[PDB]
Protein chains: 2
Amino acid sequence: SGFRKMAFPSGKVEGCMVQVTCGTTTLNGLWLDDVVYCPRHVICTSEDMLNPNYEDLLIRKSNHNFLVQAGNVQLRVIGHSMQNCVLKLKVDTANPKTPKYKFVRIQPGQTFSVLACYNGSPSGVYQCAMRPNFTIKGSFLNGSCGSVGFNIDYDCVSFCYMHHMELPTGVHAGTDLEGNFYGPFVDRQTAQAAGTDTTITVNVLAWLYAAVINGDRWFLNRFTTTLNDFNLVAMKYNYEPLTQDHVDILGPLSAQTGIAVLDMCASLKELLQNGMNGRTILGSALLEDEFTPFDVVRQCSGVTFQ
Amino acid sequence: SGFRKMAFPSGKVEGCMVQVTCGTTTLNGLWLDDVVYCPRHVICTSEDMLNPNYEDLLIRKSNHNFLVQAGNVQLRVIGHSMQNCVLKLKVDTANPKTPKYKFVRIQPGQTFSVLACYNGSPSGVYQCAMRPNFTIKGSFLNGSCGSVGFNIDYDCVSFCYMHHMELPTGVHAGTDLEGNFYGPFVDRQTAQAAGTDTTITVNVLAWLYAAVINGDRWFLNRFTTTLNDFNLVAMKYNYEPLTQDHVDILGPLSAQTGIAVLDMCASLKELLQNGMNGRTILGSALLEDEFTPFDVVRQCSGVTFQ
Ligand SMILES: *CC(=O)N1N=C(c2ccccc2)[C@H](c2ccccc2)[C@@H]1c1ccccc1
Ligand SMILES: *CC(=O)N1N=C(c2ccccc2)[C@H](c2ccccc2)[C@@H]1c1ccccc1
């Protein structure tokens, strides 16, 4: 019993973290096989970041201008290329600690673990959700760029996020491992609108099922609702509209608890309209939306990894 | 910027996790040098747990009755001994992945990371506090026994907790690595009173300083207080009494923010008496007490580990 925001074990990702320096800028890189992936803004100074022409800046850089260090050993850079907002530095040695991996572009609402790094060294690990507005609410200081987000499936690491920047609002933005930003963000020091953030309705419902499983049931009511009726309430509270795909995904939790998805929706509707009245659910005084249905089942089943 | 409940990178601890089986009972063990540490209740059946005589049960077990498996390799057990509530199984091979380590007995209020394991395999990592009543609020299913709690200081892992049981109330109990329980708990299936839990006042204050550092300042008031005056309010709300040692420990955060500790105490007093009025602090609708002053500074400075 008990429900916690759990991150994946970070061991396989720690073995891939390297320090990348170009000029006076140092950040983190990800060493997989004979390639080191890192944000392309490693080639910029603080002044370049106001309006960088990455193509022109990269032309003035040669392989020897990139210093890659894994622990205390220096890797020899024999190739460099820019793919969207990421730099791929080809090194002469394959990482002997390269785990089985995939590069994946996650959907908004999905979750992943972040291994926050500074100077190529890990400092901590935490679980994040890709918000519907394609930002993340992480913990990232200067030098954390290049830290990655990932999921583990038994022995396979699916990398999905690379940290690039903090918006003036305090939230974080980054790319997938092909260097494509999540959201409309660009890698430059300019004010950028993230847009209205909405609550991940399917995740709040999954967390309500995790609550019932762990004995927190005060919020269960004698009401039911319809998809269109619940969505009228969801639109008023800036919650993502619920679809039959989301209902289908909640099927296993509904079968386990004996509570129909539309009955859980009615309970959520009452919590939205009336608040929590000074009560808590799984130790929280607000509705949590950072657990997918897959996170709830994984945690309640104790699925393990290599 | 941003503030998260961050766990230490778990890589050094993953390399130490093994599966220990005795009869039909399987749980996790910690392999450091040529010794495997695990809960002594690995020698029990479900029926033995009602009133176990560990000494009599252990006498019927020989080295060959303990199956220790690290990944797919079987370790040869050449010695066994019981130290308080832990079994120490001497194996013929030292763990080649043994990190630099220490065994430490933490104080109530201090924090640590838990690497939840099943069958010797890691499933996840999260940060916990040792509550003032010596319980932890973790996430532990059947088979999670033997999972450990730890802290990292650069290259050194200080193990402080080994999971032993879940109380009928849903909270968790365990030992230090010498097998001494934290709290008055015993390793038997009997109802056990954890006692009144109190809020870690020094940690709530440290988290209020983390809030100010990250721009959340609505709660700052025009009042001050005294230690005895604040403690009258602390006793009413089941908060740990604040001492000059706690004030001394908050010194660096007070010097960084320019906010005197007694002024932060007055703000906390107003939050306790008036509530949060539907507002949030660092994304939470309640007062968080699972961050020590050392966790706030470490996170705000980005201290890294090996
Ligand atoms: C994420 C990160 O560490 N850093 N990101 C920036 C940045 C991103 C977008 C717009 C402006 C700045 C910082 C930076 C500073 C100078 C050159 C490139 C990036 C910041 C950082 C700080 C120190 C070293 C590397 C990166
Ligand atoms: C922590 C854990 O996995 N387990 N703890 C107990 C336990 C502890 C205290 C009192 C009763 C039971 C479970 C257990 C069951 C049978 C024998 C010993 C311990 C439980 C567990 C489940 C499966 C394998 C090992 C341990």
# chains A, B, ... in the order shown; residues from 1 in each chain; ligands from 1
>>> residues_around(residues="residue 138 in chain A", least_positions_apart="5", cutoff="12 Å", atoms="only C-alpha atoms", output="ChimeraX atom specification")
/A:112-116,124-131,144,147-149,163-167,170-174 /B:1-6,282-283,299
>>> write_last_selection(atoms="C-alpha atoms", output="short mmCIF file (atom, residue, chain, number, x, y, z; two decimals), in the first residue's frame")
data_model
loop_
_atom_site.label_atom_id
_atom_site.label_comp_id
_atom_site.auth_asym_id
_atom_site.auth_seq_id
_atom_site.Cartn_x
_atom_site.Cartn_y
_atom_site.Cartn_z
CA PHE A 112 8.67 10.53 -17.69
CA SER A 113 11.58 10.73 -15.26
CA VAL A 114 14.15 13.55 -15.44
CA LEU A 115 17.76 13.03 -14.30
CA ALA A 116 18.85 16.59 -13.48
CA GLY A 124 18.77 14.00 -8.77
CA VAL A 125 15.78 12.22 -10.30
CA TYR A 126 12.06 13.12 -10.37
CA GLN A 127 8.89 12.32 -12.28
CA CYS A 128 7.37 15.01 -14.66
CA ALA A 129 4.33 15.20 -16.97
CA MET A 130 4.46 16.79 -20.45
CA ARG A 131 1.73 19.42 -19.79
CA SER A 144 21.12 21.82 -16.29
CA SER A 147 19.57 16.76 -18.80
CA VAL A 148 17.20 14.14 -20.25
CA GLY A 149 13.71 12.76 -19.63
CA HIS A 163 16.22 20.17 -21.43
CA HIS A 164 16.82 23.44 -23.29
CA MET A 165 15.41 26.41 -21.39
CA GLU A 166 13.41 28.03 -18.71
CA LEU A 167 10.74 30.48 -19.86
CA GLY A 170 9.50 29.69 -14.51
CA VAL A 171 8.31 26.65 -16.48
CA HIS A 172 10.61 24.54 -18.66
CA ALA A 173 10.89 23.80 -22.35
CA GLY A 174 12.89 21.37 -24.40
CA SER B 1 14.21 27.71 -10.95
CA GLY B 2 11.48 25.25 -9.88
CA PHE B 3 11.23 23.07 -6.75
CA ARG B 4 10.70 19.34 -6.80
CA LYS B 5 10.78 16.36 -4.45
CA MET B 6 13.99 14.95 -5.85
CA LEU B 282 5.31 25.77 -4.75
CA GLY B 283 2.36 23.94 -6.35
CA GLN B 299 18.61 21.72 -4.73
#
>>> select_by_dssp(residues="range 41-255 of chain A", states="strand (DSSP E or B)", output="ChimeraX atom specification")
/A:66-70,73-75,77-83,86-91,100-103,111-118,121-129,136,148-153,156-166,172-175,181,199,239
>>> select_by_dssp(residues="range 31-230 of chain A", states="alpha helix (DSSP H)", output="ChimeraX atom specification")
/A:54-59,201-213,227-230
>>> residues_around(residues="range 47-56 of chain A", least_positions_apart="6", cutoff="7 Å", atoms="only C-alpha atoms", output="PyMOL selection string")
chain A and resi 188-190
>>> closest_residue(among="B:209, B:219, B:185, B:239", to="residue 255 in chain B", atoms="only C-alpha atoms")
B:209
>>> residues_around(residues="residue 32 in chain B", least_positions_apart="4", cutoff="12 Å", atoms="only C-alpha atoms", output="list in words")
residues 12, 13, 14, 15, 16, 17, 18, 36, 37, 38, 70, 88, 89, 90, 91, 93, 94, 95, 96, 97, 98, 99, 100, 101, 102, 103, 157, 159 and 177 of chain B
>>> residues_around(residues="residue 62 in chain B", least_positions_apart="5", cutoff="10 Å", atoms="only C-alpha atoms", output="ChimeraX atom specification")
/B:77-80
>>> write_last_selection(atoms="N, CA and C atoms", output="PDB file, in the first residue's frame")
ATOM      1  N   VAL B  77      26.448 -19.102  -0.403  1.00  0.00           N
ATOM      2  CA  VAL B  77      26.361 -18.649   0.985  1.00  0.00           C
ATOM      3  C   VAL B  77      27.268 -19.522   1.863  1.00  0.00           C
ATOM      4  N   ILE B  78      28.292 -18.925   2.471  1.00  0.00           N
ATOM      5  CA  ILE B  78      29.258 -19.635   3.307  1.00  0.00           C
ATOM      6  C   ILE B  78      29.197 -19.262   4.808  1.00  0.00           C
ATOM      7  N   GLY B  79      28.199 -18.486   5.192  1.00  0.00           N
ATOM      8  CA  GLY B  79      28.033 -18.053   6.569  1.00  0.00           C
ATOM      9  C   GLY B  79      26.721 -17.327   6.738  1.00  0.00           C
ATOM     10  N   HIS B  80      26.105 -17.449   7.902  1.00  0.00           N
ATOM     11  CA  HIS B  80      24.875 -16.730   8.190  1.00  0.00           C
ATOM     12  C   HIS B  80      24.839 -16.353   9.665  1.00  0.00           C
TER      13      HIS B  80
END
>>> closest_residue(among="B:136, B:194, B:27, B:271", to="chain A", atoms="only C-alpha atoms")
B:136
>>> atom_distance(atom1="CA of residue 256 in chain B", atom2="CA of residue 215 in chain B")
13.5 Å
